[PDB]
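Below is the file query-v7.pdb, which contains PDB, C-alpha atoms and all ligand atoms.
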```
MODEL        1
ATOM      1  CA  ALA A   1      -6.413   6.917  13.708  1.00  0.00           C
ATOM      2  CA  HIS A   2      -9.679   4.996  13.318  1.00  0.00           C
ATOM      3  CA  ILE A   3     -10.591   3.321   9.983  1.00  0.00           C
ATOM      4  CA  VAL A   4     -13.268   0.945   8.922  1.00  0.00           C
ATOM      5  CA  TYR A   5     -13.139  -0.795   5.518  1.00  0.00           C
ATOM      6  CA  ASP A   6     -16.087  -2.837   4.266  1.00  0.00           C
ATOM      7  CA  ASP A   7     -14.250  -5.766   2.707  1.00  0.00           C
ATOM      8  CA  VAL A   8     -11.230  -7.466   4.235  1.00  0.00           C
ATOM      9  CA  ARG A   9     -11.006  -9.675   1.098  1.00  0.00           C
ATOM     10  CA  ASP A  10      -9.536  -6.739  -0.886  1.00  0.00           C
ATOM     11  CA  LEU A  11      -6.767  -6.221   1.687  1.00  0.00           C
ATOM     12  CA  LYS A  12      -6.167  -9.995   1.553  1.00  0.00           C
ATOM     13  CA  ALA A  13      -5.759  -9.948  -2.248  1.00  0.00           C
ATOM     14  CA  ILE A  14      -3.351  -6.976  -1.964  1.00  0.00           C
ATOM     15  CA  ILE A  15      -1.215  -8.705   0.713  1.00  0.00           C
ATOM     16  CA  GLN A  16      -1.081 -11.997  -1.302  1.00  0.00           C
ATOM     17  CA  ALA A  17       0.464 -10.032  -4.200  1.00  0.00           C
ATOM     18  CA  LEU A  18       2.807  -7.978  -2.036  1.00  0.00           C
ATOM     19  CA  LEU A  19       4.361 -10.920  -0.282  1.00  0.00           C
ATOM     20  CA  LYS A  20       5.606 -12.175  -3.650  1.00  0.00           C
ATOM     21  CA  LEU A  21       7.555  -8.937  -4.230  1.00  0.00           C
ATOM     22  CA  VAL A  22       8.768  -7.998  -0.737  1.00  0.00           C
ATOM     23  CA  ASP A  23       9.091  -9.411   2.781  1.00  0.00           C
ATOM     24  CA  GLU A  24       8.172  -6.054   4.389  1.00  0.00           C
ATOM     25  CA  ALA A  25       6.231  -3.041   3.301  1.00  0.00           C
ATOM     26  CA  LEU A  26       4.861   0.259   4.637  1.00  0.00           C
ATOM     27  CA  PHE A  27       1.283   1.629   4.649  1.00  0.00           C
ATOM     28  CA  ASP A  28       1.591   5.467   4.756  1.00  0.00           C
ATOM     29  CA  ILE A  29      -1.646   6.403   6.589  1.00  0.00           C
ATOM     30  CA  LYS A  30      -2.491  10.043   5.942  1.00  0.00           C
ATOM     31  CA  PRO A  31      -5.476  12.211   6.632  1.00  0.00           C
ATOM     32  CA  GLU A  32      -6.617  12.016   3.033  1.00  0.00           C
ATOM     33  CA  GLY A  33      -6.061   8.281   2.579  1.00  0.00           C
ATOM     34  CA  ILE A  34      -3.558   5.441   2.539  1.00  0.00           C
ATOM     35  CA  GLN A  35      -0.630   4.983   0.186  1.00  0.00           C
ATOM     36  CA  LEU A  36       1.912   2.177  -0.278  1.00  0.00           C
ATOM     37  CA  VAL A  37       4.666   1.489  -2.784  1.00  0.00           C
ATOM     38  CA  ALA A  38       6.753  -1.702  -2.909  1.00  0.00           C
ATOM     39  CA  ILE A  39       9.397  -2.617  -5.373  1.00  0.00           C
ATOM     40  CA  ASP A  40      11.150  -5.985  -5.644  1.00  0.00           C
ATOM     41  CA  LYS A  41      14.879  -6.376  -4.958  1.00  0.00           C
ATOM     42  CA  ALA A  42      15.852  -6.467  -8.631  1.00  0.00           C
ATOM     43  CA  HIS A  43      13.764  -3.260  -9.300  1.00  0.00           C
ATOM     44  CA  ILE A  44      11.994  -5.190 -12.063  1.00  0.00           C
ATOM     45  CA  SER A  45       8.383  -5.040 -10.675  1.00  0.00           C
ATOM     46  CA  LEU A  46       6.529  -2.681  -8.426  1.00  0.00           C
ATOM     47  CA  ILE A  47       3.151  -2.277  -6.822  1.00  0.00           C
ATOM     48  CA  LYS A  48       1.630   1.098  -5.870  1.00  0.00           C
ATOM     49  CA  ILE A  49      -1.570   1.397  -3.798  1.00  0.00           C
ATOM     50  CA  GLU A  50      -3.736   4.515  -3.343  1.00  0.00           C
ATOM     51  CA  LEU A  51      -6.788   4.127  -1.067  1.00  0.00           C
ATOM     52  CA  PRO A  52      -8.536   7.514  -0.589  1.00  0.00           C
ATOM     53  CA  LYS A  53     -10.587   8.246   2.488  1.00  0.00           C
ATOM     54  CA  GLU A  54     -13.684   8.229   0.381  1.00  0.00           C
ATOM     55  CA  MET A  55     -13.471   4.490  -0.074  1.00  0.00           C
ATOM     56  CA  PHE A  56     -13.763   3.635   3.612  1.00  0.00           C
ATOM     57  CA  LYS A  57     -16.919   3.308   5.750  1.00  0.00           C
ATOM     58  CA  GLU A  58     -15.102   5.361   8.441  1.00  0.00           C
ATOM     59  CA  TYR A  59     -11.805   7.181   8.096  1.00  0.00           C
ATOM     60  CA  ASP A  60     -10.669   9.455  10.927  1.00  0.00           C
ATOM     61  CA  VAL A  61      -6.972  10.084  10.829  1.00  0.00           C
ATOM     62  CA  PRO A  62      -6.062  13.420  12.318  1.00  0.00           C
ATOM     63  CA  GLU A  63      -2.347  12.672  12.227  1.00  0.00           C
ATOM     64  CA  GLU A  64      -0.335  10.700   9.742  1.00  0.00           C
ATOM     65  CA  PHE A  65       1.507   7.573  10.679  1.00  0.00           C
ATOM     66  CA  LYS A  66       3.521   4.909   9.059  1.00  0.00           C
ATOM     67  CA  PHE A  67       2.596   1.291   9.621  1.00  0.00           C
ATOM     68  CA  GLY A  68       5.543  -1.008   8.696  1.00  0.00           C
ATOM     69  CA  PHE A  69       4.706  -4.692   8.442  1.00  0.00           C
ATOM     70  CA  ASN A  70       5.939  -8.111   7.442  1.00  0.00           C
ATOM     71  CA  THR A  71       3.888  -9.324   4.472  1.00  0.00           C
ATOM     72  CA  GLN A  72       3.920 -13.022   5.332  1.00  0.00           C
ATOM     73  CA  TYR A  73       3.005 -12.255   8.917  1.00  0.00           C
ATOM     74  CA  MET A  74      -0.020 -10.206   7.745  1.00  0.00           C
ATOM     75  CA  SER A  75      -1.002 -12.845   5.159  1.00  0.00           C
ATOM     76  CA  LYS A  76      -1.230 -15.482   7.926  1.00  0.00           C
ATOM     77  CA  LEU A  77      -3.238 -13.104  10.191  1.00  0.00           C
ATOM     78  CA  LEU A  78      -5.707 -12.626   7.427  1.00  0.00           C
ATOM     79  CA  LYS A  79      -5.719 -16.262   6.413  1.00  0.00           C
ATOM     80  CA  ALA A  80      -8.978 -17.142   8.116  1.00  0.00           C
ATOM     81  CA  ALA A  81     -11.018 -14.350   6.529  1.00  0.00           C
ATOM     82  CA  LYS A  82     -12.912 -15.975   3.604  1.00  0.00           C
ATOM     83  CA  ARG A  83     -16.153 -13.885   3.615  1.00  0.00           C
ATOM     84  CA  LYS A  84     -16.745 -10.206   2.930  1.00  0.00           C
ATOM     85  CA  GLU A  85     -16.462  -8.690   6.376  1.00  0.00           C
ATOM     86  CA  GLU A  86     -15.445  -5.355   7.867  1.00  0.00           C
ATOM     87  CA  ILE A  87     -11.994  -4.667   9.197  1.00  0.00           C
ATOM     88  CA  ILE A  88     -11.505  -1.947  11.816  1.00  0.00           C
ATOM     89  CA  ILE A  89      -8.057  -0.335  12.405  1.00  0.00           C
ATOM     90  CA  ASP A  90      -7.411   1.841  15.474  1.00  0.00           C
ATOM     91  CA  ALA A  91      -3.952   3.147  16.392  1.00  0.00           C
ATOM     92  CA  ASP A  92      -3.405   5.603  19.298  1.00  0.00           C
ATOM     93  CA  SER A  93       0.401   5.426  19.351  1.00  0.00           C
ATOM     94  CA  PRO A  94       3.062   4.596  16.670  1.00  0.00           C
ATOM     95  CA  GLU A  95       4.005   1.282  18.285  1.00  0.00           C
ATOM     96  CA  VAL A  96       0.969  -0.894  17.742  1.00  0.00           C
ATOM     97  CA  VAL A  97      -2.059  -1.071  15.490  1.00  0.00           C
ATOM     98  CA  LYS A  98      -5.214  -2.811  16.584  1.00  0.00           C
ATOM     99  CA  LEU A  99      -6.978  -4.705  13.842  1.00  0.00           C
ATOM    100  CA  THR A 100     -10.472  -6.033  14.483  1.00  0.00           C
ATOM    101  CA  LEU A 101     -12.070  -8.427  11.963  1.00  0.00           C
ATOM    102  CA  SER A 102     -15.880  -8.363  12.180  1.00  0.00           C
ATOM    103  CA  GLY A 103     -18.623 -10.882  11.320  1.00  0.00           C
ATOM    104  CA  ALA A 104     -17.272 -14.481  11.005  1.00  0.00           C
ATOM    105  CA  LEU A 105     -17.308 -13.695  14.718  1.00  0.00           C
ATOM    106  CA  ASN A 106     -14.805 -11.346  16.160  1.00  0.00           C
ATOM    107  CA  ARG A 107     -11.049 -11.551  15.924  1.00  0.00           C
ATOM    108  CA  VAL A 108      -8.818  -8.825  17.388  1.00  0.00           C
ATOM    109  CA  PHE A 109      -5.118  -8.570  16.630  1.00  0.00           C
ATOM    110  CA  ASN A 110      -2.694  -6.122  18.269  1.00  0.00           C
ATOM    111  CA  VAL A 111       0.026  -5.785  15.680  1.00  0.00           C
ATOM    112  CA  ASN A 112       3.329  -4.355  16.619  1.00  0.00           C
ATOM    113  CA  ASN A 113       4.653  -1.754  14.218  1.00  0.00           C
ATOM    114  CA  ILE A 114       8.101  -2.362  12.745  1.00  0.00           C
ATOM    115  CA  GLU A 115      10.581  -0.053  11.010  1.00  0.00           C
ATOM    116  CA  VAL A 116      10.360  -0.156   7.232  1.00  0.00           C
ATOM    117  CA  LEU A 117      11.809   2.515   4.950  1.00  0.00           C
ATOM    118  CA  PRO A 118       9.701   3.213   1.784  1.00  0.00           C
ATOM    119  CA  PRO A 119      11.388   2.564  -1.605  1.00  0.00           C
ATOM    120  CA  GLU A 120      13.211   5.550  -3.015  1.00  0.00           C
ATOM    121  CA  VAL A 121      10.301   6.005  -5.421  1.00  0.00           C
ATOM    122  CA  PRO A 122      10.844   7.762  -8.802  1.00  0.00           C
ATOM    123  CA  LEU A 126       4.455   5.942 -18.300  1.00  0.00           C
ATOM    124  CA  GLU A 127       3.592   6.846 -21.830  1.00  0.00           C
ATOM    125  CA  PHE A 128       1.876   4.009 -23.653  1.00  0.00           C
ATOM    126  CA  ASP A 129       1.170   2.911 -27.280  1.00  0.00           C
ATOM    127  CA  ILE A 130      -1.999   1.053 -26.091  1.00  0.00           C
ATOM    128  CA  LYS A 131      -4.137   1.123 -22.943  1.00  0.00           C
ATOM    129  CA  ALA A 132      -6.938  -1.509 -23.007  1.00  0.00           C
ATOM    130  CA  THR A 133      -9.658  -2.034 -20.401  1.00  0.00           C
ATOM    131  CA  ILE A 134     -10.137  -5.831 -20.261  1.00  0.00           C
ATOM    132  CA  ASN A 135     -12.000  -8.469 -18.316  1.00  0.00           C
ATOM    133  CA  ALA A 136      -9.979  -9.144 -15.167  1.00  0.00           C
ATOM    134  CA  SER A 137     -10.915 -12.814 -14.941  1.00  0.00           C
ATOM    135  CA  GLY A 138     -10.051 -13.243 -18.618  1.00  0.00           C
ATOM    136  CA  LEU A 139      -6.589 -11.789 -18.000  1.00  0.00           C
ATOM    137  CA  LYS A 140      -6.225 -13.956 -14.952  1.00  0.00           C
ATOM    138  CA  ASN A 141      -7.046 -17.069 -17.002  1.00  0.00           C
ATOM    139  CA  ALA A 142      -4.635 -16.003 -19.732  1.00  0.00           C
ATOM    140  CA  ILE A 143      -1.720 -15.372 -17.396  1.00  0.00           C
ATOM    141  CA  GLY A 144      -2.244 -18.759 -15.684  1.00  0.00           C
ATOM    142  CA  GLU A 145      -2.485 -20.772 -18.855  1.00  0.00           C
ATOM    143  CA  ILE A 146       0.532 -19.110 -20.459  1.00  0.00           C
ATOM    144  CA  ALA A 147       2.569 -19.563 -17.266  1.00  0.00           C
ATOM    145  CA  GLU A 148       1.850 -23.262 -17.322  1.00  0.00           C
ATOM    146  CA  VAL A 149       3.457 -23.607 -20.760  1.00  0.00           C
ATOM    147  CA  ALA A 150       5.865 -20.692 -21.366  1.00  0.00           C
ATOM    148  CA  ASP A 151       8.294 -18.450 -19.515  1.00  0.00           C
ATOM    149  CA  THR A 152       7.450 -15.294 -21.470  1.00  0.00           C
ATOM    150  CA  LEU A 153       4.148 -13.634 -22.193  1.00  0.00           C
ATOM    151  CA  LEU A 154       3.948 -11.695 -25.437  1.00  0.00           C
ATOM    152  CA  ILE A 155       1.366  -9.014 -25.827  1.00  0.00           C
ATOM    153  CA  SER A 156       0.413  -7.102 -28.959  1.00  0.00           C
ATOM    154  CA  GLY A 157      -2.376  -4.616 -29.524  1.00  0.00           C
ATOM    155  CA  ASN A 158      -3.909  -2.612 -32.406  1.00  0.00           C
ATOM    156  CA  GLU A 159      -6.919  -0.372 -32.557  1.00  0.00           C
ATOM    157  CA  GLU A 160      -9.425  -3.178 -31.912  1.00  0.00           C
ATOM    158  CA  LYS A 161      -7.790  -5.761 -29.724  1.00  0.00           C
ATOM    159  CA  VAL A 162      -5.056  -6.891 -27.387  1.00  0.00           C
ATOM    160  CA  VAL A 163      -3.700 -10.427 -27.891  1.00  0.00           C
ATOM    161  CA  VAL A 164      -1.627 -12.331 -25.343  1.00  0.00           C
ATOM    162  CA  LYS A 165       0.194 -15.571 -25.907  1.00  0.00           C
ATOM    163  CA  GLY A 166       3.278 -17.381 -24.715  1.00  0.00           C
ATOM    164  CA  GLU A 167       6.548 -17.077 -26.616  1.00  0.00           C
ATOM    165  CA  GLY A 168       7.456 -20.236 -28.542  1.00  0.00           C
ATOM    166  CA  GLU A 169       5.873 -23.019 -30.698  1.00  0.00           C
ATOM    167  CA  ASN A 170       2.098 -23.551 -30.434  1.00  0.00           C
ATOM    168  CA  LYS A 171       0.211 -20.774 -28.626  1.00  0.00           C
ATOM    169  CA  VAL A 172      -2.183 -20.656 -25.648  1.00  0.00           C
ATOM    170  CA  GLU A 173      -3.199 -17.422 -27.429  1.00  0.00           C
ATOM    171  CA  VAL A 174      -6.052 -15.275 -25.951  1.00  0.00           C
ATOM    172  CA  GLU A 175      -7.755 -12.278 -27.674  1.00  0.00           C
ATOM    173  CA  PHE A 176      -9.381  -9.438 -25.796  1.00  0.00           C
ATOM    174  CA  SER A 177     -11.781  -7.370 -27.865  1.00  0.00           C
ATOM    175  CA  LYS A 178     -15.414  -6.305 -28.163  1.00  0.00           C
ATOM    176  CA  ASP A 179     -15.950  -9.306 -30.426  1.00  0.00           C
ATOM    177  CA  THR A 180     -14.663 -11.575 -27.706  1.00  0.00           C
ATOM    178  CA  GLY A 181     -16.830  -9.746 -25.182  1.00  0.00           C
ATOM    179  CA  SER A 182     -13.789  -8.975 -23.045  1.00  0.00           C
ATOM    180  CA  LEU A 183     -12.643  -5.471 -23.926  1.00  0.00           C
ATOM    181  CA  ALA A 184     -14.603  -2.509 -22.583  1.00  0.00           C
ATOM    182  CA  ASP A 185     -12.550   0.315 -24.004  1.00  0.00           C
ATOM    183  CA  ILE A 186      -9.196   0.951 -25.697  1.00  0.00           C
ATOM    184  CA  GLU A 187      -6.965   4.041 -26.116  1.00  0.00           C
ATOM    185  CA  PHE A 188      -4.961   3.561 -29.271  1.00  0.00           C
ATOM    186  CA  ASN A 189      -1.807   5.505 -30.303  1.00  0.00           C
ATOM    187  CA  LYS A 190       0.210   2.962 -32.218  1.00  0.00           C
ATOM    188  CA  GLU A 191       0.242  -0.785 -32.868  1.00  0.00           C
ATOM    189  CA  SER A 192       2.631  -2.314 -30.413  1.00  0.00           C
ATOM    190  CA  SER A 193       4.121  -5.597 -29.205  1.00  0.00           C
ATOM    191  CA  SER A 194       6.168  -6.305 -26.055  1.00  0.00           C
ATOM    192  CA  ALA A 195       7.396  -9.202 -23.898  1.00  0.00           C
ATOM    193  CA  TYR A 196       7.439  -9.913 -20.190  1.00  0.00           C
ATOM    194  CA  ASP A 197       8.426 -12.573 -17.690  1.00  0.00           C
ATOM    195  CA  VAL A 198       5.119 -14.387 -17.040  1.00  0.00           C
ATOM    196  CA  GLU A 199       6.375 -15.685 -13.680  1.00  0.00           C
ATOM    197  CA  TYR A 200       6.135 -12.162 -12.321  1.00  0.00           C
ATOM    198  CA  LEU A 201       2.625 -11.649 -13.662  1.00  0.00           C
ATOM    199  CA  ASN A 202       1.442 -14.977 -12.264  1.00  0.00           C
ATOM    200  CA  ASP A 203       2.824 -13.861  -8.844  1.00  0.00           C
ATOM    201  CA  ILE A 204       0.403 -10.927  -8.724  1.00  0.00           C
ATOM    202  CA  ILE A 205      -2.625 -12.645 -10.172  1.00  0.00           C
ATOM    203  CA  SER A 206      -4.557 -12.091  -6.855  1.00  0.00           C
ATOM    204  CA  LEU A 207      -4.871  -8.370  -7.743  1.00  0.00           C
ATOM    205  CA  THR A 208      -7.442  -9.460 -10.358  1.00  0.00           C
ATOM    206  CA  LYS A 209     -10.012 -10.067  -7.615  1.00  0.00           C
ATOM    207  CA  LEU A 210      -9.978  -6.324  -6.972  1.00  0.00           C
ATOM    208  CA  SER A 211     -12.069  -5.334  -9.980  1.00  0.00           C
ATOM    209  CA  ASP A 212     -14.173  -6.650 -12.844  1.00  0.00           C
ATOM    210  CA  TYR A 213     -11.874  -4.923 -15.367  1.00  0.00           C
ATOM    211  CA  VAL A 214      -8.123  -4.190 -15.492  1.00  0.00           C
ATOM    212  CA  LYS A 215      -6.511  -1.412 -17.584  1.00  0.00           C
ATOM    213  CA  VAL A 216      -3.471  -2.881 -19.356  1.00  0.00           C
ATOM    214  CA  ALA A 217      -1.052  -0.341 -20.788  1.00  0.00           C
ATOM    215  CA  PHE A 218       2.235  -0.924 -22.634  1.00  0.00           C
ATOM    216  CA  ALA A 219       4.494   0.113 -25.510  1.00  0.00           C
ATOM    217  CA  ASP A 220       7.233  -1.614 -27.469  1.00  0.00           C
ATOM    218  CA  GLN A 221      10.004  -2.603 -25.009  1.00  0.00           C
ATOM    219  CA  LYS A 222       8.524  -0.505 -22.246  1.00  0.00           C
ATOM    220  CA  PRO A 223       7.025  -1.644 -18.947  1.00  0.00           C
ATOM    221  CA  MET A 224       3.588  -3.124 -18.762  1.00  0.00           C
ATOM    222  CA  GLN A 225       1.247  -1.285 -16.388  1.00  0.00           C
ATOM    223  CA  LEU A 226      -1.835  -2.997 -14.888  1.00  0.00           C
ATOM    224  CA  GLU A 227      -4.289  -0.709 -13.097  1.00  0.00           C
ATOM    225  CA  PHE A 228      -7.044  -2.085 -10.878  1.00  0.00           C
ATOM    226  CA  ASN A 229      -9.597   0.609 -10.208  1.00  0.00           C
ATOM    227  CA  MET A 230     -11.634  -0.115  -7.084  1.00  0.00           C
ATOM    228  CA  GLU A 231     -14.994   1.235  -5.915  1.00  0.00           C
ATOM    229  CA  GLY A 232     -14.664   4.525  -3.998  1.00  0.00           C
ATOM    230  CA  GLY A 233     -11.642   5.730  -5.922  1.00  0.00           C
ATOM    231  CA  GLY A 234      -9.084   3.086  -4.808  1.00  0.00           C
ATOM    232  CA  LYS A 235      -6.409   2.119  -7.291  1.00  0.00           C
ATOM    233  CA  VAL A 236      -3.728  -0.532  -7.279  1.00  0.00           C
ATOM    234  CA  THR A 237      -1.053  -0.257  -9.976  1.00  0.00           C
ATOM    235  CA  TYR A 238       1.385  -3.021 -11.012  1.00  0.00           C
ATOM    236  CA  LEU A 239       4.388  -2.211 -13.215  1.00  0.00           C
ATOM    237  CA  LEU A 240       6.647  -4.831 -14.862  1.00  0.00           C
ATOM    238  CA  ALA A 241       9.898  -4.112 -16.743  1.00  0.00           C
ATOM    239  CA  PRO A 242      10.134  -5.569 -20.304  1.00  0.00           C
ATOM    240  CA  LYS A 243      12.279  -8.168 -22.001  1.00  0.00           C
ATOM    241  CA  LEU A 244      13.529  -7.295 -25.491  1.00  0.00           C
ATOM    242  CA  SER A 245      11.467  -9.997 -27.135  1.00  0.00           C
TER
HETATM  243 ZN    ZN B   1      -7.265   8.095  16.392  1.00  0.00          ZN
HETATM  244 ZN    ZN B   2     -15.874   3.412  14.169  1.00  0.00          ZN
HETATM  245 ZN    ZN B   3      -7.906   5.547  18.842  1.00  0.00          ZN
HETATM  246 ZN    ZN B   4      -2.723  -2.426 -38.665  1.00  0.00          ZN
HETATM  247 ZN    ZN B   5      -9.005   1.395 -38.407  1.00  0.00          ZN
HETATM  248 ZN    ZN B   6      10.973 -16.250 -15.963  1.00  0.00          ZN
HETATM  249 ZN    ZN B   7       8.218 -14.985  -7.919  1.00  0.00          ZN
HETATM  250 ZN    ZN B   8      11.698 -13.703 -25.363  1.00  0.00          ZN
ENDMDL
END
```

Please re-express this file's structure in structure tokens.
Amino acid sequence: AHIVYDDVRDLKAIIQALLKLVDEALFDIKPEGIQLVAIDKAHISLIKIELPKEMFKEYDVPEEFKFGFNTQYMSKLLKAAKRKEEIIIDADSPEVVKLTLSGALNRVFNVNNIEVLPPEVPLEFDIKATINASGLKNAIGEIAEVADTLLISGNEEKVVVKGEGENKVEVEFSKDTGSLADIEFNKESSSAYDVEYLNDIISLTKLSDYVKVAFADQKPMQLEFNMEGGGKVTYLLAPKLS
């Protein structure tokens, strides 16, 4: 296997979110691309990653292999990688993966593979809204500072998020707020979620300018981050009743 990706910052943002859900995870490296699924202990939130070969500068993987890793270990390896730089992965045997960070002058890490079994992995929505990622990020952070639950409601024109309780750090996403690019509307809906979980994965918002937010009354919220080249990271969060 030999892979070159043009921007280590995206892997960094993915690892920052994963370490909040799990201590270990598994990249399933196949000839057509890389996949990963991680679910937290309580089976309340999950992250799925799909990185097709088409999104990499170089991707030559004649044989599949599973790369198990400790999320905090990888976060610290990547810690000193602030600028957009290439990351090269070459693995000739199961046991170790060589990661080379380019630019910001050369760092090479030989990472030993560890055993990690993939979650025993098992979607209809009332509203699916494409909204400004930074706007959502701001909203999640502000609500988390003052509430424990984020309420979301949507109709044919907008999605509104606010914290549950007295006054409201309320934020509206719509064309008239210049933050909604598109919306698929089936039925007006309102749901509730633990904002602590959403704040944990806020780094995924660096992956794309827009995020597709999908939900239905008392059903999971789904956030989809579509990346350039066909990449997609999906975050799923179980609902509260209200
Ligand atoms: Zn090879
Ligand atoms: Zn190469
Ligand atoms: Zn090789
Ligand atoms: Zn109405
Ligand atoms: Zn109407
Ligand atoms: Zn909570
Ligand atoms: Zn947490
Ligand atoms: Zn509540």

- Message: Set the distance at 8 Å and use all atoms listed in the file: which residues neighbour residue 40 of chain A once local chain neighbours fewer than 4 positions away are removed? I'd like the list as a PyMOL selection string.
- Response: chain A and resi 21-22+44-46

- Item | Counting only C-alpha atoms, the residue of A:17, A:37, A:230, A:126 that sits nearest residue 52 of chain A |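 Closest candidate: A:230.
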
- Query: What do you get, as a VMD selection string, if you spell out every residue that the PyMOL selection byres (((not hetatm)) within 8 of (chain B and resi 1)) selects here?
  - Reply: chain A and resid 1 to 2 60 to 63 90 to 92

- Between atom CA of residue 234 of chain A and atom CA of residue 133 of chain A - distance in Å to one decimal: 16.4 Å

- Find, counting all atoms listed in the file, the residue in A:166, A:7, A:189, A:32 that gets nearest to residue 83 of chain A.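 Looking only at the distances to residue 83 of chain A, the closest residue turns out to be A:7.
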
- Taking only C-alpha atoms and all ligand atoms into account, which residues are within 7 Å of ligand ZN 6 (chain B), as a list in words? residues 151, 152, 197, 198 and 199 of chain A

- Task: Run through the PyMOL selection byres (((chain A and resi 39) around 12) and not hetatm) on the given coordinates and return the selected residues as number ranges by chain.
- Result: A: 17-26, 36-38, 40-49, 117-122, 237-241

- Task: Using the chain letters and numbering of this document, enumerate as a list in words the residues selected by the PyMOL selection byres (((not hetatm)) within 8 of (chain B and resi 2)).
- Result: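 Applying the PyMOL selection byres (((not hetatm)) within 8 of (chain B and resi 2)) to the structure shown produces residues 2, 3, 4, 58 and 88 of chain A.
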
- Query: Counting all atoms listed in the file, which of A:159, A:54, A:222, A:196 gets nearest to ligand ZN 5 (chain B)?
  - Reply: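 Checking each candidate against ligand ZN 5 (chain B), we get A:159 as the closest.
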
- From the list A:56, A:73, A:200, A:27, which residue is nearest residue 109 of chain A when using only C-alpha atoms?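 The shortest atom-to-atom distance to residue 109 of chain A comes from A:73.
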
Just write segment 51-63 of chain A with N, CA, C and O atoms, as a PDB file, in the first residue's frame, taken from the block above.
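As a result, out_11.pdb now contains:
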```pdb
ATOM      1  N   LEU A  51     -13.503   7.434   2.307  1.00  0.00           N
ATOM      2  CA  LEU A  51     -12.500   8.214   1.576  1.00  0.00           C
ATOM      3  C   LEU A  51     -12.129   7.405   0.311  1.00  0.00           C
ATOM      4  O   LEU A  51     -11.290   6.509   0.369  1.00  0.00           O
ATOM      5  N   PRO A  52     -12.821   7.675  -0.813  1.00  0.00           N
ATOM      6  CA  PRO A  52     -12.525   6.943  -2.048  1.00  0.00           C
ATOM      7  C   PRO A  52     -11.162   7.259  -2.603  1.00  0.00           C
ATOM      8  O   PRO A  52     -10.597   8.338  -2.342  1.00  0.00           O
ATOM      9  N   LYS A  53     -10.676   6.343  -3.465  1.00  0.00           N
ATOM     10  CA  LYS A  53      -9.326   6.495  -3.991  1.00  0.00           C
ATOM     11  C   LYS A  53      -9.198   7.764  -4.752  1.00  0.00           C
ATOM     12  O   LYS A  53      -8.132   8.373  -4.739  1.00  0.00           O
ATOM     13  N   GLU A  54     -10.298   8.158  -5.392  1.00  0.00           N
ATOM     14  CA  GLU A  54     -10.304   9.365  -6.191  1.00  0.00           C
ATOM     15  C   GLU A  54      -9.958  10.616  -5.436  1.00  0.00           C
ATOM     16  O   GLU A  54      -9.659  11.634  -6.054  1.00  0.00           O
ATOM     17  N   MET A  55      -9.983  10.595  -4.105  1.00  0.00           N
ATOM     18  CA  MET A  55      -9.695  11.834  -3.405  1.00  0.00           C
ATOM     19  C   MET A  55      -8.236  11.980  -3.018  1.00  0.00           C
ATOM     20  O   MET A  55      -7.832  12.984  -2.499  1.00  0.00           O
ATOM     21  N   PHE A  56      -7.427  10.986  -3.341  1.00  0.00           N
ATOM     22  CA  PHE A  56      -6.011  11.033  -2.976  1.00  0.00           C
ATOM     23  C   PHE A  56      -5.110  11.361  -4.164  1.00  0.00           C
ATOM     24  O   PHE A  56      -5.429  11.001  -5.292  1.00  0.00           O
ATOM     25  N   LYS A  57      -4.000  12.035  -3.898  1.00  0.00           N
ATOM     26  CA  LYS A  57      -3.025  12.367  -4.962  1.00  0.00           C
ATOM     27  C   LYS A  57      -2.467  11.050  -5.559  1.00  0.00           C
ATOM     28  O   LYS A  57      -2.317  10.904  -6.780  1.00  0.00           O
ATOM     29  N   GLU A  58      -2.191  10.084  -4.687  1.00  0.00           N
ATOM     30  CA  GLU A  58      -1.723   8.756  -5.102  1.00  0.00           C
ATOM     31  C   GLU A  58      -2.424   7.748  -4.243  1.00  0.00           C
ATOM     32  O   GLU A  58      -2.562   7.985  -3.039  1.00  0.00           O
ATOM     33  N   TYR A  59      -2.859   6.633  -4.829  1.00  0.00           N
ATOM     34  CA  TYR A  59      -3.555   5.618  -4.053  1.00  0.00           C
ATOM     35  C   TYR A  59      -3.286   4.296  -4.766  1.00  0.00           C
ATOM     36  O   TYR A  59      -3.925   3.983  -5.804  1.00  0.00           O
ATOM     37  N   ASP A  60      -2.330   3.538  -4.238  1.00  0.00           N
ATOM     38  CA  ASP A  60      -1.984   2.240  -4.830  1.00  0.00           C
ATOM     39  C   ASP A  60      -1.989   1.203  -3.738  1.00  0.00           C
ATOM     40  O   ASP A  60      -1.035   1.067  -2.957  1.00  0.00           O
ATOM     41  N   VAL A  61      -3.102   0.493  -3.684  1.00  0.00           N
ATOM     42  CA  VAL A  61      -3.366  -0.487  -2.657  1.00  0.00           C
ATOM     43  C   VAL A  61      -3.833  -1.754  -3.353  1.00  0.00           C
ATOM     44  O   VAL A  61      -4.996  -1.960  -3.638  1.00  0.00           O
ATOM     45  N   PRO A  62      -2.883  -2.616  -3.687  1.00  0.00           N
ATOM     46  CA  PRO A  62      -3.256  -3.845  -4.354  1.00  0.00           C
ATOM     47  C   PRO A  62      -3.904  -4.838  -3.432  1.00  0.00           C
ATOM     48  O   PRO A  62      -4.675  -5.670  -3.900  1.00  0.00           O
ATOM     49  N   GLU A  63      -3.635  -4.747  -2.128  1.00  0.00           N
ATOM     50  CA  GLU A  63      -4.238  -5.697  -1.196  1.00  0.00           C
ATOM     51  C   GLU A  63      -4.807  -4.983   0.018  1.00  0.00           C
ATOM     52  O   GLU A  63      -4.157  -4.128   0.580  1.00  0.00           O
TER      53      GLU A  63
END
```
